[PDB]
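# the sequence isn't on hand, but the structure is:
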Ligand SMILES: Nc1ncnc2c1ncn2[C@@H]1O[C@H](COP(=O)(O)OP(=O)(O)O)[C@@H](O)[C@H]1O
Ligand code: ALF
């Protein structure tokens, strides 16, 4: 039997004593293909069971495996639901789900009627789908369906956050068939390509060690190139078996299954063989130690893809993949030192993803705050703010709640951009166009062509499947789709992705101000205006267009704004009053700013300041000293909210701090003479100004009644420079900032420059300055 059966009784005995159960067992213990069936044939659990598989290279496979384990040809008792299709029949009471189908299923049936068990598989991968699902399930176990059992399966012995959140939940832990694997480290050379060096390393291992080999790579292109390279350096008894995506599920089993006797096999797998899939016959592992992770960018609204070194947890998963059958060997293609510097664990997907779909789903569920849910990691605040802004651009929000259009979008259970494109259609023709566009953007094609019109025409059975599904969710029973309708719809959802060329050789510039690249001979480089919904970025460098359509700005919808600006550029010594018709940082039209109102060209002068610098304004001595004093206050009187006065802050806040004081300027010359002291001072409410005048004063009152201005500085301490006939009161040394910073006294400037000091207790060390020209006349408390 399988190593997990050893805990089958205990598991059962815990599945009935608690609403939640956590089971941890290493990879290879039949958690996905043995445990579900044994829980089916158990009277303790009532109803049907759903098993969440986040990957879906494992989901289809685990449905097929669990069906084969009963001779059942999945559909009879074991079924599955994918995003586009599914397989269920009256007698199936166990269903494998994936692609966020469970989150939608809970949205549509929040009592999960008919289900007594939900199994969250592969939870250590920390997918965002599973996090959301768990929050929803825990919320369902609050209302009715108290009886609903939650089994959370992880594959790592330690689950810190999970116990920390469900500390009243039974932890079942399996052990077993683990052999030691010698860990070897081989850094790759820099004069060799990646595919070439990995192939050389793998071929060397095959020639130096026995058995079959598992090789982890960052993606399918790496897999294909490394395989082509291996072809030459490998003997005749070696079978190269890719593993990715789907190729027939036959050669997939060709790589999972052992190698026919008299043959060794090299399996070329993505991280899907890290814990999701169990490769057989392996005792040699080659880990490239590089992987592709997603990082959302609130600035650009793009999820860029970054190739980074893998964590330690994953390196250990991979090394252990070679010890299931006998003593093995893992070879990591980095240097031991870099491996020890590696990140301890992987980052939860929820801390680095786009949460627009997540925000929308939590809103439909009736949430006030996205963070008021049962989370392992709390959704980052910046990304929640970006999700909210995106949902506002798309009209999905009405205040903090969902609006009507937003509720329709939330209905379709889609990526919010695509959902908004689906909802914005009026006709049935527009709706079908949007359906096919959505099918293509969810599952882009890997053709050497980058136009969206050819994809829109190019046939595909799965795109048609998903468009039919979306059209039945939309309830449009007859429509016709042509390409002339692609561009208007896109404009409502991918508006921040419109793009204008930069010369020929069509490196472009996007509306969010990052620019993109096509390849120098794509058909589309001949076009002024593109709109690119699919972009690839990562590793501030570009920006390569993956899928995009042609566009003609004439007659387009009404998403363009006006930016006026008035500058006085010196080179040719003339003024400048432009009005740009822009759509988001891309200048469409430039026209003269003729006959402008006074509100505009107040704003236009503000834009001019923003583009030429605050040096433009009339920085008088009092004003410079005020800016210095505010810097100093922020660093010395922290407990009060001192408005930051760096250049960027003031340039961004011009609207709120300089505009109010401008009514009555009417010209650029009159603005350039405006004293800004009062506007900076206005940056403070009454009482903050009083605070800054008493604490951090403009001038110190020495013990003779002679007010003497202080010199503030960004870096240096404040300095007095008093004539020192008058520094005889000796209070204890003058101090400012509620007694925390003592003035640096320039005791001299009588003639100047004889001692600078900050202690006022060199009286008992001055002991020189009793010699002054006539005499001192200073000693011992004169005044
Ligand atoms: N398609 C398959 N072909 C052969 N063996 C399989 C298959 N699926 C599962 N197994 C067997 O099940 C075990 C690993 O699967 P499983 O216990 O589901 O791993 P996990 O613990 O990651 O769920 C192995 O011992 C293997 O013998
Ligand atoms: F079902 Al598993 F690792 F938990 F493959």
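Thanks, I have it. Numbering: from 1, shown residues only. Ligands and ions are numbered 1, 2, ... in the order given.
# endpoints of stretch 634-641, how far apart?
End-to-end span of stretch 634-641 (CA to CA, to the nearest Å): 8 Å.
# buried residues of it, list them for me.
Burial within stretch 634-641, assessed by neighbour count using 16 or more other CB atoms under 10 Å, is assigned to 636-637. From N, CA and C alone the C-beta is placed, and that goes for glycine too.
# the closest residue to residue 427 other than its chain neighbours sits in which helix or strand?
Spatially, and ignoring its direct neighbours in sequence, residue 427 is nearest to residue 479 (6.9 Å; CB to CB, 6 or more residues apart in numbering). Following DSSP states H and E, there is no helix or strand that holds residue 479.
# remind me which helix or strand the residue of the chain found nearest ligand 1 belongs to.
Using CB to the nearest ligand atom, residue 30 is the residue of the chain that sits closest to ligand 1, at 2.9 Å. In the assignment (DSSP H and E), residue 30 maps to no helix and no strand.
# tell me the phi and psi of the residue nearest the centre of the chain?
The residue lying closest to the centre of the chain (CA atoms, centre = their mean) is residue 296, at 2.6 Å. Dihedral pair for residue 296: phi -70, psi 150, per degrees, to the nearest 10.
# ok, back up a step: ok, the residue nearest to the residue of the chain closest to ligand 1 when sequence neighbours are not counted - contacts?
If you skip the residues right next to it in sequence, residue 30 has residue 2 as its closest partner in space, 3.7 Å away by CB to CB, 6+ apart. Applying CB atoms under 8 Å, 6 or more residues apart in numbering to residue 2 gives the contacts 29-30, 34.
# can I get these in TSV with distance to residue 594?
Below are these laid out as TSV (distance: CB to CB, whole Å):
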residue	distance to residue 594
29	77
30	78
34	79
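# grab the nearest non-local neighbour of whichever residue of the stretch 301-450 of the chain sits closest to ligand 2.
In the stretch 301-450 of the chain, the residue that lies nearest ligand 2 is residue 317 (9.7 Å; CB to the nearest ligand atom). Excluding the flanking residues, the one nearest residue 317 by CB to CB, 6+ apart is residue 274, at 4.9 Å.
# how much space between that neighbour and residue 606?
54 Å (CB to CB, to the nearest Å).
# between the two, which one's more packed in?
Set residue 274 next to residue 606 and count neighbours by other CB atoms under 10 Å: residue 274 wins out with 23 against 20.
# for residue 621, grab the count of nearby residues.
With neighbours defined by other CB under 10 Å, the count for residue 621 comes to 9.
# list phi and psi for it.
Dihedral angles (degrees, to the nearest 10) for residue 621: phi -50, psi -50.
# same question, residue 48
Dihedral angles (degrees, to the nearest 10) for residue 48: phi -100, psi 160.
# ok, now which ones touch the closest residue to it other than its chain neighbours?
Counting by CB to CB, 6+ apart, residue 93 is the residue found nearest to residue 48 once chain neighbours are left out, at 3.6 Å. Residue 93 sits next to 40, 47-49, 77 when contact means CB under 8 Å, 6+ apart.
# pull out the buried positions in stretch 545-555.
Burial within stretch 545-555, assessed by neighbour count using 16+ other CB under 10 Å, is assigned to 545, 547-551.
# just give me the neighbour total for the residue lying closest to residue 132 once chain neighbours are set aside.
Leaving out its chain neighbours, the residue that sits closest to residue 132 by CB to CB, 6+ apart is residue 103, at 5.4 Å. By other CB under 10 Å, the residues close to residue 103 number 24.
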